[PDB]
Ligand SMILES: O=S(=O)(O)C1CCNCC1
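Here we start with a single chain on its own, the form solved without piperidine-4-sulfonic acid (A1EBD), put down as C-alpha cells.
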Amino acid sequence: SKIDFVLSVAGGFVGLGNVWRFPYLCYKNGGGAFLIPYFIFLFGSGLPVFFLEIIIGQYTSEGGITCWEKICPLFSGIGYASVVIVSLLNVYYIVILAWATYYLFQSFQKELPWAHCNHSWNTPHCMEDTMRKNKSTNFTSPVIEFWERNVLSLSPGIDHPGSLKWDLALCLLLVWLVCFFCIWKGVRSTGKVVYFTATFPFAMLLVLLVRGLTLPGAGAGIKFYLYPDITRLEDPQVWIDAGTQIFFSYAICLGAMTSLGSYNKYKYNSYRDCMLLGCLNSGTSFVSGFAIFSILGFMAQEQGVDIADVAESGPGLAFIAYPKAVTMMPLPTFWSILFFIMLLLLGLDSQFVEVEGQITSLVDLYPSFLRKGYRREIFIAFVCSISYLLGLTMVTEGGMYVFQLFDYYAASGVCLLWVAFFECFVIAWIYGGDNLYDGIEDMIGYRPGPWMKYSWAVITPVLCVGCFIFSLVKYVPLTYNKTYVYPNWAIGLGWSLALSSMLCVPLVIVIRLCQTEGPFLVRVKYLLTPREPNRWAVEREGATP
C-alpha cells in the first residue's frame, strides 16, 4: 500500500524550518505574496535541486565534498561552501533550541509566566490581551514582553551587546552537552522507536491547528495568509526569502542531502522518495502555517490592531503565537511542556545530523590527524566548544540582532542561492542533464520526464540569477522587526558570513588551476572531466558513456 512506503521514508522531513521559520518569513513578507514565489521556487528549484542532490549522492555513494570531486574536479569548492554554510548554521541554530529549553524550563510551574503581565520584567505599558479591547496609546502584549524583556532582554541595538544572559547561557550549554554526548556515543538521531519521534510532532501540530482554526478571529488571519498582494511581488526581497526558505526547509546546499543520499542503494527509486518527502515537507509548512496564522488573526481582533503589526516580524513569531495558543487551551501548562518538548525534539534531530554531518566531513577532509578514536573524541568536543563560543554572542542582550544577521546571511539569502545556482550549472550544463538521466534510468528503473532537466538547465539558474541581480539593484538593507536599521558595519559583518561561504567556489577554482600543470585550456579541461562518477561494479552498474 502507501502507509508502509510512508513508514519506510520515516518522518525526518519536518523540522524547525517548518514550524518556526516559514511562519515568520511569510509573516514578514506581507501575507500571501510570500506564497507565490514560495511555490514557484518549490516546483522550479526546490524539488529539482533536492532530487539532484539525492541522486548525485546515491549515484556516487559519496558525501558532500567527494561527490563533487567525482562529478567535476573543477567547481569542487561547492563542498567547502556547504561546509561553511552548515558550520554557521550549527552556530546560530542551536540558539533556537536554547530558547526552546528556556521556555520549557519556565513552563514547569503552576501558571505560565507569559499568560499575564504582572511580573518584574513587564513594561508598565503592558495590558492583558483580553483587556486591550474589553475596555501612551501603544500598549504592548504580555506574550511579547516575556519574549523581548525576559527571554531576550533586547538591547537598543547590535552596537549594545550588554551583559551576557547567564540563564540563557546555561541553556545553550545543555543542548550542546546533549548534542556532544549523543554524537560522541553514536546515538541515533531518533531515539528508541521512531514512532514517537515522528508521530508526536504531527499530533501536537493538529492539536495546535484545531485550536487555531477554532479561534474566533481565525477568519481574518487565514485571509491574510492566503490572499496575495501584487505590490509586494515587485520587491526582490520576497523572492529571496521564499526561494531560500525552501532551501532551508529541505536542508539542501548544506551537503546533508548528498550524504543522506549516499546510503541509498544504486538500484533504488529515490525519485518517488524525493517527490513524496518534498511535498510532505512543504505540505507541513503550508498546513502548519494555517495554525499560526489563525492565532495572529485571533490576536489581531483581540488587541484591535492590524494583523501585520500584532506580533514580531522576525524570529520569535513561533515564540509569540504558539505560546499564545497554548494559553487558550485546557490545562495550558500541560500543552506548553508538550509543544516545547516537540520543538526541542525537532531541533535536536536536525542538529544531531548537521553537527555530525560536518564532523564527518571535517575528519575525512583532513585525515592522518583526525583518526577515529582519541583524535575524533577530542575533535567532537572541539567543534562543540568553538560553536558554543561563537553561539555565546547571540545569548547577550543584543544577541537577538546577531541572530537575525546569521539567519538572514549565514545560511540563507544569496549564499544559499550561490550554491544552488552552481550545483545546477555544473550538472545541467557542464556534466549535462541528459547524461544524468542515462544514470537515472539505469538507477531508478525508468527515465523521468523533462521536468527535472528543464529545471536544472533553465528554471533554477534564471531564478537564482534573477533574484541575485534584482536584490542588488533594489538593495534594501536588513532590518529587525521592521523598525531597527542595522549599522553599516553590521551589514558588512553579515555580508562576510555570506561571502565566506560564497568565496569558497571561486577560491577553490583558483587553487585547482594553480595546482595542476600544463596549458591553461588543457588545465581547465582536465579539471572538468568526471573521475568515473559511478565506478562501483558491486551492483549491476553501467559505465558512464
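When you see a residue number, it is the position in the sequence shown, counting from 1. For the two forms, the rigid core is made up of the largest set of C-alpha atoms that agree within 1.5 Å on superposition.
FYI, the form solved in complex with piperidine-4-sulfonic acid (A1EBD) isn't displayed, but the following is about it.
J.: Using heavy atoms and a 4.5 Å cut-off, decide whether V95, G314 and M400 all contact piperidine-4-sulfonic acid (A1EBD) in the deposited complex.
T.: Not one of the three qualifies.
J.: With the partner left out here, check for me: in the deposited complex, does some heavy atom of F13 sit within 4.5 Å of piperidine-4-sulfonic acid (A1EBD)?
T.: Yes, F13 lies within 4.5 Å of piperidine-4-sulfonic acid (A1EBD) in the deposited complex.
J.: Please tell me whether any heavy atom belonging to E354 falls inside 4.5 Å of a heavy atom of piperidine-4-sulfonic acid (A1EBD), as the geometry stands in the deposited complex.
T.: Although piperidine-4-sulfonic acid (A1EBD) is absent here, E354 would touch it in the deposited complex, with heavy atoms inside 4.5 Å.
J.: I'd like to know if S350 sits close to piperidine-4-sulfonic acid (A1EBD) in the deposited complex, meaning any non-hydrogen atom pair within 4.5 angstroms.
T.: Result yes; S350 sits at the interface with piperidine-4-sulfonic acid (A1EBD) in the deposited complex.
J.: Heavy atom to heavy atom, is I292 within 4.5 Å of piperidine-4-sulfonic acid (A1EBD) in the deposited complex?
T.: Taking the distances in the deposited complex, the answer for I292 is no, it never comes within 4.5 Å of piperidine-4-sulfonic acid (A1EBD).
J.: Sort through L254, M443, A318, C424 and report the residue having a heavy atom within 4.5 Å of piperidine-4-sulfonic acid (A1EBD) in the deposited complex.
T.: Contact with piperidine-4-sulfonic acid (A1EBD) in the deposited complex is made by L254 alone.
J.: Just to be sure I understand the contacts: of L89, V238, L152, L296, which is the one whose heavy atoms reach within 4.5 angstroms of piperidine-4-sulfonic acid (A1EBD) in the deposited complex?
T.: If I apply the 4.5 Å criterion carefully, the residue I get is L89.
J.: What are the residues of 16-50, in order along the chain, with a heavy atom within 4.5 Å of piperidine-4-sulfonic acid (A1EBD) in the deposited complex?
T.: Read in sequence order, the residues that approach piperidine-4-sulfonic acid (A1EBD) (within 4.5 Å, in the deposited complex) are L16, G17, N18.
J.: Which is the one residue in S471, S259, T190, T393 whose C-alpha moves 2 Å or more between the shown form and the other one, relative to the superposed rigid core?
T.: The residue that shifts is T190.
J.: Establish whether a shift of 2 Å or more occurs at the C-alpha of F108 between the shown form and the other one, with the two forms superposed on the rigid core.
T.: It does not reach a 2 Å shift.
J.: Aligning on the rigid core, do we see the C-alpha of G373 shift 2 angstroms or more between the shown form and the other one?
T.: Shift of 2 Å or more: yes.
J.: Mind checking the CA-CA distance of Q106 and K192 in the deposited complex? It differs by 3 Å or more from this form, so is it closer or farther?
T.: Distance between the C-alphas of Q106 and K192: longer in the deposited complex, by 3 Å or more.
J.: Would you mind telling me if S189 and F340 are closer or farther apart in the deposited complex than in the shown form, C-alpha to C-alpha, with a 3 Å or larger change?
T.: Farther apart, by at least 3 Å.
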